Every structure is written in structure tokens, then in C-alpha cells.
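Encoded as C-alpha cells, the structure appears first; notes follow it.
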Amino acid sequence: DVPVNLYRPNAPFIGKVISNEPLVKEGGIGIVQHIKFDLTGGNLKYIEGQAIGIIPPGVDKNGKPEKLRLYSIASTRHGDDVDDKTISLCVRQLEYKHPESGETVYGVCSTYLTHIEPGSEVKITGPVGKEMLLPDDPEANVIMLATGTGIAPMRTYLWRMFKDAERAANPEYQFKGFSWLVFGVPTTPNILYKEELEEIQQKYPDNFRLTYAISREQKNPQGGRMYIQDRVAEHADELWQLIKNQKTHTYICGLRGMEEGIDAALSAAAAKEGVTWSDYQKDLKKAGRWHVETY
Ligand SMILES: Cc1cc2nc3c(=O)[nH]c(=O)nc-3n(C[C@H](O)[C@H](O)[C@H](O)COP(=O)(O)OP(=O)(O)OC[C@H]3O[C@@H](n4cnc5c(N)ncnc54)[C@H](O)[C@@H]3O)c2cc1C
């Protein structure tokens with residue numbers, strides 16, 4: 001039922017780039033691009049919260065062909081134009097430095113993708129992943145804890161839940177639960193999909209809450225830069241209260257490192273009711289209600 005490995009790296013789908021648009025506004029840190037690919041002429045289907053592989057061209061330092069890199073799908077199953085013809089990615093150019101040795105090093109696949117031109121052919125594999133799936137239940141609650149490109153699966157959920165065209169195309173999923181995105185990025189210009197996220201919150205103030213942790217613009221109560229873990233601490237009791245609902249799912253996505261602080265905050269909240277968060281969490285994970293994809 002869930003589409004998986006319709007294309008594999010030995011015989012990838014050759015998609016065509018339709019558009020490659022910047023998500024980091026002036027004054028932001030780094031480069032994150034929204035890249036849409038044409039899937040017509042193949043049968044790649046996918047659902048929300050899945051990933052695809054991109055095989056970049058070229059060889060590594062050892063002369064070996066480059067392997068795929070996985071990217072969380074950033075579009076719903078219908079694609080951004082709700083036509084079932086495309087797939088989108090949210091790709092950060094990886095960069096870091098020296099010495100070490102450099103200075104700046106640019107990641108192979110992410111640079112390729114971030115600079116890719118419309119009309120270019122791309123090797124796509126997948127889809128993959130069954131750990132970040134959105135429940136069919138329209139009354140589920142969905143907590144979304146995202147940093148940077150970790151917004152990607154969250155966009156697939158929120159678009160499916162809240163886009164007019166999605167609602168029109170998905171008679172079986174008219175979302176009436178509560179969704180809460182806590183989104184950590186370093187600056188306001190770095191708030192990926194800011195305008196649309198804020199449009200959703202304005203249109204659905206009872207069904208979507210949007211909370212930001214903007215490290216360069218906000219301080220936590222300890223005077224440190226504000227990170228997602230700080231907003232989770234700040235709202236730990238509320239989040240815990242929501243988590244206790246049998247229908248609540250939580251999704252965490254982003255670069256590795258945010259889980260520890262999130263657990264500490266929820267651990268303290270749950271301990272107040274004599275619950276050991278780490279055990280309760282094990283049970284949530286087993287039930288498929290605790291979804292993590294960090295990289
Ligand atoms: C399930 C999944 C979903 C993902 N979703 C997304 C997504 O939606 N958007 C996105 O942009 N990426 C996503 N990623 C990451 C993506 O797959 C690539 O790993 C990333 O784009 C960098 O790949 P690259 O080919 O550009 O870098 P590569 O050329 O592969 O270089 C990566 C190497 O950089 C080295 N390195 C050294 N120092 C550092 C440092 N300080 N910081 C980082 N690396 C360092 C490490 O050796 C690392 O292996 C996801 C990964 C997974 C597994």
C-alpha cells in the first residue's frame with residue numbers, strides 16, 4: 001500500500017528539474033532551495049513524510065561513482081501544483097571548513113542540487129521510508145519539531161492538511177485535529193516557507209500553532225540563543241499534555257542533536273505525573289506515534 005522503491009539506484013528514474021527557487025531570504029545564513037522535479041514519463045508515486053534519493057554526477061576522491069543521498073520529500077503526494085506530476089525537495093547547500101583543510105568545503109550532492117538548472121535531468125530513487133508517515137485519522141494531533149531542512153516532511157503534512165487545493169483533492173482527509181510546528185532556524189530570513197506557514201496559521205488558528213526558535217534574534221531565559229529545545233522546554237507541559245492523547249503523533253526532523261534537549265524537557269514534564277518519559281516514549285515509538293528522522 002505504501003509506495004516504496006519504485007526506483008532503485010541501479011535503475012533510477014530520470015526526472016527533469018522544473019524549478020529551483022531560494023528559500024533563504026536576503027540576510028539569511030546559507031542556501032536552501034526548493035527544487036521541483038517532473039515525474040511524468042515514469043511511475044514514481046509517494047506519500048507524505050517519505051524521502052527520495054538523488055544520485056549526483058561525478059566520482060568521489062577515490063574515483064568511485066557517487067552514491068545517492070536521501071532527501072525528505074517536501075511536497076505532498078500530489079506535488080506542489082496538486083497535479084500528481086511532480087515532487088519537491090528542500091535542499092540545504094552543505095558547507096563547512098578548516099583547518100581541517102579548505103577553507104570552505106561544499107557537499108557534493110547538495111551543491112549539485114542547489115545550483116541545478118531547470119531542464120536538467122536528475123537521477124531519482126525511491127521513495128523510501130515508513131517512519132515519518134502521517135496518520136489517516138483526520139482528528140489526530142500532530143506535533144512537528146523541525147530545524148532547518150527538517151521542515152521538509154512537515155511541509156508535506158501541513159500542505160496536505162491545510163492547502164485549499166489539497167483539501168479539495170483529498171475528500172477522505174479533512175483535517176480537524178490540532179497541529180503544532182515548532183521550527184528552529186537561525187534568522188527570520190531563514191524561516192523556510194515562512195509566508196505559507198503563516199498563511200496557514202492565520203487561516204486555521206484553532207488547528208495550527210506555529211512557534212519559532214530564532215537563534216540570532218531571540219534569547220532563551222538563560223540568556224542563550226533560542227533553539228528548538230528551548231521552545232520545547234518553554235512549552236513542555238502543553239506538549240506533554242498533548243502527547244498523552246492516544247491520537248497524538250510527534251515528528252522530529254532535522255540535523256542530529258535536538259533530541260536530547262527535547263527529551264530532557266518532556267522528561268521533566270512527564271515526571272510531574274509520575275511518568276518516566278523514556279519508557280512512555282519507547283511505547284509511543286512501538287505504537288508508531290513517535291517519529292524521528294534526523295541526519
Ligand atoms: C533520511 C534523510 C533525509 C534527509 N533530508 C534532507 C533534506 O530534506 N534536506 C537536506 O538538505 N539534506 C537532507 N539530508 C542530508 C542529505 O542526505 C545529505 O547528507 C546532505 O545533503 C549533504 O550531502 P552532500 O552530498 O552535499 O555532502 P557530501 O559530499 O556527502 O559530504 C558529507 C560529509 O561532510 C563531512 N563533514 C565534515 N565536517 C562536517 C561538518 N562540520 N558538517 C557536516 N558535514 C561534515 C562528513 O564526512 C559527511 O559525511 C537527509 C538525510 C537523510 C539520511
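Letters A, B, ... go to the chains of the C-alpha cells in the order shown; residues in each chain start at 1; ligands are counted from 1 in the same order.
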I need the residues in stretch 162-231 of chain A that are strand (DSSP E or B) according to DSSP; give them as a compact mmCIF listing (two decimals) with N, CA and C atoms, in the first residue's frame.
# COMPACT_ATOMS: atom_id res chain seq x y z
N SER A 179 -2.47 20.79 15.08
CA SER A 179 -1.10 20.66 14.59
C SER A 179 -0.27 21.77 15.18
N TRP A 180 0.96 21.46 15.54
CA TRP A 180 1.81 22.43 16.19
C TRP A 180 3.20 22.23 15.69
N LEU A 181 3.68 23.23 14.98
CA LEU A 181 5.02 23.22 14.46
C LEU A 181 5.86 24.16 15.31
N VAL A 182 6.95 23.60 15.82
CA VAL A 182 7.99 24.35 16.48
C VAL A 182 9.19 24.23 15.56
N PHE A 183 9.66 25.38 15.06
CA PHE A 183 10.57 25.44 13.93
C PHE A 183 11.76 26.31 14.33
N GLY A 184 12.93 25.68 14.41
CA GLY A 184 14.17 26.37 14.76
C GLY A 184 15.03 26.63 13.55
N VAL A 185 15.32 27.90 13.32
CA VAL A 185 16.23 28.36 12.26
C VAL A 185 17.00 29.56 12.83
N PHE A 208 -3.82 24.93 13.79
CA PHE A 208 -2.39 25.04 13.59
C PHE A 208 -1.78 26.12 14.46
N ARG A 209 -0.80 25.73 15.25
CA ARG A 209 0.00 26.68 16.00
C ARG A 209 1.40 26.65 15.45
N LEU A 210 1.96 27.83 15.26
CA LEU A 210 3.30 27.99 14.72
C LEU A 210 4.16 28.67 15.77
N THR A 211 5.25 28.01 16.17
CA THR A 211 6.17 28.57 17.14
C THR A 211 7.57 28.55 16.54
N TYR A 212 8.29 29.66 16.65
CA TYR A 212 9.64 29.74 16.10
C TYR A 212 10.67 29.80 17.21
N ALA A 213 11.83 29.21 16.95
CA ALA A 213 13.01 29.43 17.77
C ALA A 213 14.03 30.01 16.82
N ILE A 214 14.30 31.31 16.96
CA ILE A 214 15.18 32.00 16.01
C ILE A 214 16.43 32.40 16.76
N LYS A 219 16.59 35.20 22.66
CA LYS A 219 17.39 34.60 23.71
C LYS A 219 16.45 33.76 24.55
N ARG A 225 21.21 31.81 23.06
CA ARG A 225 20.45 31.87 21.82
C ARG A 225 19.29 30.87 21.90
**Report entry** Nearby polymer residues, ligand 1, at most 7 Å, only C-alpha atoms and all ligand atoms, as a count of residues only
**Finding:** 27
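Minimum atom-to-atom distances from A:292, A:18, A:140, A:191 to residue A:178 were compared using only C-alpha atoms, and the lowest value belongs to A:140.
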Query raised in the report: Counting only C-alpha atoms, what is within 10 Å of residue A:172, bar same-chain residues fewer than 6 positions away, as a list in words?
Result: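 Those residues are residues 136, 137 and 138 of chain A.
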Only N, CA and C atoms, please: the residues just picked out, written as a short mmCIF file (atom, residue, chain, number, x, y, z; two decimals), in the first residue's frame.
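Writing done, so here's out_4.cif:
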data_model
loop_
_atom_site.label_atom_id
_atom_site.label_comp_id
_atom_site.auth_asym_id
_atom_site.auth_seq_id
_atom_site.Cartn_x
_atom_site.Cartn_y
_atom_site.Cartn_z
N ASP A 136 -3.84 8.58 8.91
CA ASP A 136 -5.04 8.78 8.10
C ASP A 136 -6.11 9.50 8.91
N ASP A 137 -6.05 9.36 10.23
CA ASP A 137 -7.08 9.90 11.11
C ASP A 137 -7.12 11.43 11.04
N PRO A 138 -8.24 12.00 10.54
CA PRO A 138 -8.36 13.46 10.42
C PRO A 138 -8.44 14.20 11.77
#
With a cut-off of 6 Å, could you pull out the residues of stretch 122-221 of chain A touching stretch 4-17 of chain A and give me the nearest pair of atoms for each, distance in Å to one decimal, using only C-alpha atoms, ordered by chain and ascending number, as a Markdown table?
| residue | atom | partner | partner_atom | distance |
| --- | --- | --- | --- | --- |
| A:122 | CA | A:15 | CA | 5.1 |
| A:123 | CA | A:14 | CA | 4.8 |
| A:124 | CA | A:13 | CA | 5.0 |
| A:125 | CA | A:7 | CA | 4.8 |
| A:126 | CA | A:5 | CA | 4.3 |
| A:127 | CA | A:4 | CA | 5.1 |
| A:128 | CA | A:4 | CA | 5.3 |
Output file for the residues above (N, CA, C and O atoms, as a PDB file, in the first residue's frame):
ATOM      1  N   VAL A 122      17.803  14.489 -13.667  1.00  0.00           N
ATOM      2  CA  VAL A 122      18.275  14.100 -12.346  1.00  0.00           C
ATOM      3  C   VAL A 122      17.926  12.640 -12.095  1.00  0.00           C
ATOM      4  O   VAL A 122      16.834  12.185 -12.447  1.00  0.00           O
ATOM      5  N   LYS A 123      18.856  11.914 -11.482  1.00  0.00           N
ATOM      6  CA  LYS A 123      18.620  10.521 -11.140  1.00  0.00           C
ATOM      7  C   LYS A 123      17.949  10.490  -9.784  1.00  0.00           C
ATOM      8  O   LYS A 123      18.511  10.956  -8.802  1.00  0.00           O
ATOM      9  N   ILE A 124      16.733   9.963  -9.754  1.00  0.00           N
ATOM     10  CA  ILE A 124      15.897   9.914  -8.553  1.00  0.00           C
ATOM     11  C   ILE A 124      15.639   8.464  -8.199  1.00  0.00           C
ATOM     12  O   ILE A 124      15.386   7.642  -9.076  1.00  0.00           O
ATOM     13  N   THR A 125      15.711   8.151  -6.908  1.00  0.00           N
ATOM     14  CA  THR A 125      15.383   6.811  -6.442  1.00  0.00           C
ATOM     15  C   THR A 125      14.338   6.875  -5.346  1.00  0.00           C
ATOM     16  O   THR A 125      14.151   7.908  -4.719  1.00  0.00           O
ATOM     17  N   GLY A 126      13.663   5.756  -5.115  1.00  0.00           N
ATOM     18  CA  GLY A 126      12.730   5.657  -4.021  1.00  0.00           C
ATOM     19  C   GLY A 126      11.294   5.416  -4.469  1.00  0.00           C
ATOM     20  O   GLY A 126      11.051   4.734  -5.465  1.00  0.00           O
ATOM     21  N   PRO A 127      10.324   5.939  -3.706  1.00  0.00           N
ATOM     22  CA  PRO A 127      10.560   6.641  -2.448  1.00  0.00           C
ATOM     23  C   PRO A 127      10.973   5.649  -1.367  1.00  0.00           C
ATOM     24  O   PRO A 127      10.859   4.441  -1.577  1.00  0.00           O
ATOM     25  N   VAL A 128      11.456   6.144  -0.231  1.00  0.00           N
ATOM     26  CA  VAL A 128      11.746   5.274   0.898  1.00  0.00           C
ATOM     27  C   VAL A 128      11.201   5.872   2.175  1.00  0.00           C
ATOM     28  O   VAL A 128      10.971   7.088   2.270  1.00  0.00           O
TER      29      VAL A 128
END
Query raised in the report: So how far away is atom CA of residue A:255 from atom CA of residue A:103, in Å?
Result: 22.1 Å
Query raised in the report: For residue A:254, which of A:163, A:34, A:291, A:194 is the closest residue, counting only C-alpha atoms?
Result: A:291
Report task. Determine which residues of stretch 165-280 of chain A DSSP labels as helix (DSSP H, G or I) from the backbone of this structure, then write them out as JSON, numbers by chain. Result -> {"A": [165, 166, 167, 168, 169, 188, 189, 190, 194, 195, 196, 197, 198, 199, 200, 201, 202, 203, 228, 229, 230, 231, 232, 233, 234, 236, 237, 238, 239, 240, 241, 242, 243, 259, 260, 261, 262, 263, 264, 265, 266, 267, 268, 269, 270, 271, 277, 278, 279, 280]}
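For the choices A:161, A:87, A:169, A:132, the atom-to-atom distance to residue A:285 is smallest for A:132 when using only C-alpha atoms.
Shell of residue A:236 at 9 Å, with only C-alpha atoms counted and residues fewer than 5 places along the chain excluded, is residues 231, 241, 262, 265, 266, 267, 268, 269 and 270 of chain A.
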Selection from above, N, CA and C atoms, as a short mmCIF file (atom, residue, chain, number, x, y, z; two decimals), in the first residue's frame, can you write it?
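Written file, again.cif:
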data_model
loop_
_atom_site.label_atom_id
_atom_site.label_comp_id
_atom_site.auth_asym_id
_atom_site.auth_seq_id
_atom_site.Cartn_x
_atom_site.Cartn_y
_atom_site.Cartn_z
N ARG A 231 12.22 26.15 23.16
CA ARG A 231 10.77 26.32 22.99
C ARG A 231 10.02 25.11 23.50
N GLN A 241 0.98 17.25 27.69
CA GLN A 241 -0.46 17.09 27.77
C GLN A 241 -1.03 16.62 26.44
N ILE A 262 15.00 17.95 23.79
CA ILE A 262 13.56 17.68 23.72
C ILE A 262 13.17 16.63 24.77
N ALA A 265 13.24 18.02 28.33
CA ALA A 265 12.10 18.89 28.63
C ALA A 265 10.84 18.08 28.88
N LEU A 266 10.57 17.11 28.00
CA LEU A 266 9.40 16.26 28.16
C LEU A 266 9.56 15.33 29.36
N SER A 267 10.80 14.88 29.59
CA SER A 267 11.07 14.05 30.76
C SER A 267 10.64 14.76 32.03
N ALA A 268 11.07 16.01 32.21
CA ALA A 268 10.68 16.80 33.38
C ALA A 268 9.16 17.01 33.48
N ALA A 269 8.49 17.22 32.35
CA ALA A 269 7.03 17.42 32.36
C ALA A 269 6.31 16.17 32.81
N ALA A 270 6.66 15.04 32.21
CA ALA A 270 6.05 13.75 32.50
C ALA A 270 6.33 13.28 33.93
#
Query raised in the report: Any idea what's packed within 7 Å of stretch 56-59 of chain A, counting only C-alpha atoms, ignoring anything in its chain fewer than 5 positions away? Could you give it as an MDAnalysis selection string?
Result: chainID A and resid 64:66 68 109 112
**Report entry** Who sits within 10 Å of residue A:134, only C-alpha atoms, same chain under 2 positions skipped, as JSON, numbers by chain
**Finding:** {"A": [47, 48, 49, 50, 130, 131, 132, 136, 137, 138, 140, 142, 153, 154, 156, 157, 160, 249, 250, 251, 289, 291]}
Any chance you can output those residues with N, CA, C and O atoms as an mmCIF file, in the first residue's frame?
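Okay, this is what ended up in out.cif:
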data_model
loop_
_atom_site.group_PDB
_atom_site.id
_atom_site.type_symbol
_atom_site.label_atom_id
_atom_site.label_comp_id
_atom_site.auth_asym_id
_atom_site.auth_seq_id
_atom_site.Cartn_x
_atom_site.Cartn_y
_atom_site.Cartn_z
ATOM 1 N N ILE A 47 4.125 9.155 -0.738
ATOM 2 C CA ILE A 47 3.240 9.807 0.198
ATOM 3 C C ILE A 47 4.038 10.719 1.128
ATOM 4 O O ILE A 47 5.276 10.762 1.075
ATOM 5 N N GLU A 48 3.318 11.460 1.952
ATOM 6 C CA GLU A 48 3.899 12.470 2.822
ATOM 7 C C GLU A 48 4.829 11.855 3.868
ATOM 8 O O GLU A 48 4.545 10.783 4.408
ATOM 9 N N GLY A 49 5.955 12.523 4.125
ATOM 10 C CA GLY A 49 6.910 12.050 5.130
ATOM 11 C C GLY A 49 7.908 11.056 4.570
ATOM 12 O O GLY A 49 8.779 10.609 5.286
ATOM 13 N N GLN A 50 7.799 10.709 3.293
ATOM 14 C CA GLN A 50 8.797 9.828 2.675
ATOM 15 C C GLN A 50 9.997 10.630 2.158
ATOM 16 O O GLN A 50 9.980 11.856 2.166
ATOM 17 N N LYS A 130 9.160 4.600 6.069
ATOM 18 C CA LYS A 130 7.843 4.319 6.618
ATOM 19 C C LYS A 130 7.735 4.822 8.052
ATOM 20 O O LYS A 130 6.742 4.565 8.722
ATOM 21 N N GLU A 131 8.758 5.536 8.509
ATOM 22 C CA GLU A 131 8.851 6.016 9.897
ATOM 23 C C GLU A 131 8.279 7.419 10.117
ATOM 24 O O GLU A 131 8.066 7.826 11.267
ATOM 25 N N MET A 132 8.030 8.148 9.030
ATOM 26 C CA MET A 132 7.559 9.536 9.116
ATOM 27 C C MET A 132 6.201 9.712 8.456
ATOM 28 O O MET A 132 5.892 10.772 7.900
ATOM 29 N N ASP A 136 -3.837 8.582 8.910
ATOM 30 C CA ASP A 136 -5.036 8.777 8.101
ATOM 31 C C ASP A 136 -6.107 9.497 8.912
ATOM 32 O O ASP A 136 -6.972 10.163 8.352
ATOM 33 N N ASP A 137 -6.047 9.356 10.232
ATOM 34 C CA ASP A 137 -7.077 9.899 11.107
ATOM 35 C C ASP A 137 -7.117 11.434 11.040
ATOM 36 O O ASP A 137 -6.145 12.093 11.421
ATOM 37 N N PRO A 138 -8.237 12.004 10.544
ATOM 38 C CA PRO A 138 -8.356 13.464 10.423
ATOM 39 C C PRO A 138 -8.437 14.199 11.772
ATOM 40 O O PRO A 138 -8.324 15.432 11.811
ATOM 41 N N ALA A 140 -6.422 13.291 14.402
ATOM 42 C CA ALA A 140 -5.138 13.132 15.078
ATOM 43 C C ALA A 140 -4.562 14.501 15.446
ATOM 44 O O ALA A 140 -4.879 15.519 14.821
ATOM 45 N N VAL A 142 -0.896 16.477 15.666
ATOM 46 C CA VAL A 142 0.403 16.315 15.031
ATOM 47 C C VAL A 142 1.356 17.382 15.548
ATOM 48 O O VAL A 142 1.204 18.572 15.262
ATOM 49 N N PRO A 153 9.442 17.209 5.755
ATOM 50 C CA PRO A 153 8.265 16.365 5.918
ATOM 51 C C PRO A 153 7.087 17.142 6.505
ATOM 52 O O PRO A 153 5.952 16.805 6.209
ATOM 53 N N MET A 154 7.375 18.140 7.344
ATOM 54 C CA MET A 154 6.333 18.976 7.984
ATOM 55 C C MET A 154 5.524 19.733 6.939
ATOM 56 O O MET A 154 4.308 19.872 7.063
ATOM 57 N N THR A 156 5.024 18.647 3.914
ATOM 58 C CA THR A 156 4.145 17.662 3.278
ATOM 59 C C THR A 156 2.877 17.430 4.115
ATOM 60 O O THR A 156 1.796 17.303 3.561
ATOM 61 N N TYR A 157 3.014 17.409 5.447
ATOM 62 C CA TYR A 157 1.858 17.197 6.307
ATOM 63 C C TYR A 157 0.952 18.405 6.255
ATOM 64 O O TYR A 157 -0.254 18.287 6.045
ATOM 65 N N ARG A 160 -0.883 19.032 3.001
ATOM 66 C CA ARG A 160 -1.996 18.080 2.893
ATOM 67 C C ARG A 160 -3.162 18.464 3.819
ATOM 68 O O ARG A 160 -4.333 18.359 3.449
ATOM 69 N N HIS A 249 0.515 12.249 17.405
ATOM 70 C CA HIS A 249 1.767 11.810 16.810
ATOM 71 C C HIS A 249 2.739 12.934 16.927
ATOM 72 O O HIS A 249 2.369 14.116 16.811
ATOM 73 N N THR A 250 3.999 12.585 17.133
ATOM 74 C CA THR A 250 5.042 13.586 17.160
ATOM 75 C C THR A 250 6.066 13.268 16.083
ATOM 76 O O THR A 250 6.398 12.105 15.855
ATOM 77 N N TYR A 251 6.524 14.316 15.410
ATOM 78 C CA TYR A 251 7.500 14.193 14.337
ATOM 79 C C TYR A 251 8.650 15.109 14.651
ATOM 80 O O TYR A 251 8.445 16.290 14.934
ATOM 81 N N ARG A 289 3.855 6.276 16.982
ATOM 82 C CA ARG A 289 3.369 7.618 17.242
ATOM 83 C C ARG A 289 4.488 8.570 17.605
ATOM 84 O O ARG A 289 4.241 9.752 17.846
ATOM 85 N N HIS A 291 7.878 9.735 15.812
ATOM 86 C CA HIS A 291 8.537 9.643 14.525
ATOM 87 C C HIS A 291 9.750 10.532 14.519
ATOM 88 O O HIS A 291 9.631 11.736 14.713
#
